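The block underneath contains the structure these notes are about, expressed in structure tokens.
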């Protein structure tokens with residue numbers, strides 16, 4: 001038993017949330033630089 | 001009322017700013033130095049550290065306001081140290097309502113209920129309705145022509 005069936009549902013929900021946030025809001029209070037900064041090292045640290 | 005209006009306006013401005021953000025598209029040294037330099041005190045300096053109160057009352061007889069200064073450190077008239085000061089209220093709305101009830105300005109020609117309400121609300125006004133110590137009209141400045 002494992003949880004590998006809701007990946008597509010989570011991806012589509014995240015995409016819908018992002019598109020509605022872009023259409024209505026303008027990020028601002030949502031941290032967008034910290035996530036990019038941490039992912040810049042996560043991409044080369046977690047996959048290797 | 002002005003404070004309530006100001007706080008409502010500031011709350012409106014704060015909520016507008018929040019909506020815009022969400023959707024876009026300390027004299028101790030100074031006192032020591034003053035004491036060292038001036039080396040002299042006057043009564044008109046201790047009250048300068050706290051906000052003062054000015055109550056001018058001018059008139060057409062002479063162009064000079066009647067400035068009134070009240071202590072801020074005491075709960076006197078006009079002082080604001082603990083909360084709402086004396087406002088001298090709850091003594092005009094009832095009189096205005098009584099006068100406008102029968103559309104008659106003079107309270108002498110009012111109803112019995114209005115007279116009873118005025119007596120109950122104003123204990124000092126009960127001495128006029130009984131018609132004691134008769135005097136022609138109400139002329140406080142009678143000494144001149146009387147003499």
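Neighbour counts are summed over all protein chains in view; Cβ atoms, including those assigned to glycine, are modelled from backbone coordinates with ideal geometry. Laboratory data are not the source of any read-out in this text; all were calculated from the coordinates shown.
What value, in deg cm²/dmol to 500, does the helix sum -39500 (n - 2.57) over DSSP H runs of n ≥ 4 give at 222 nm once divided by the residues of chain A? Can you show the working numbers first?
Values: 2 runs with 32 residues, N = 48.
It comes out at -22000 deg cm²/dmol, rounded to the nearest 500.
Give me B:50, B:115 sorted ascending by neighbouring Cβ count inside 10 Å, so fewest comes first.
Going from least to most buried by this count: B:50, B:115.
With a ≥ b ≥ c the root eigenvalues of the C-alpha gyration tensor of segment B:47-143, is it rounded (a/c under 1.5), prolate (a/b larger than b/c) or oblate?
prolate
According to the square roots a ≥ b ≥ c of the eigenvalues of the Cα gyration tensor, what is the shape class of segment B:9-69, taking rounded for a/c under 1.5, prolate for a/b larger than b/c otherwise, and oblate for the remainder?
oblate
For the protein assembly as shown, rounded, prolate or oblate, judged on the Cα gyration tensor with a ≥ b ≥ c (square roots of eigenvalues), a/c < 1.5 rounded, else prolate if a/b > b/c?
oblate
Got a sec? How would A:20, B:26 order by Cβ neighbour count within 10 Å, fewest to most?
Lowest to highest Cβ neighbour count: B:26, A:20.
Which order do B:99, B:33 fall in if you start with the one that has the fewest other Cβ atoms within 10 Å? Walk me through the numbers on the way to the answer.
Numbers: B:99 15, B:33 11.
Final ranking by Cβ density, sparse to dense: B:33, B:99.
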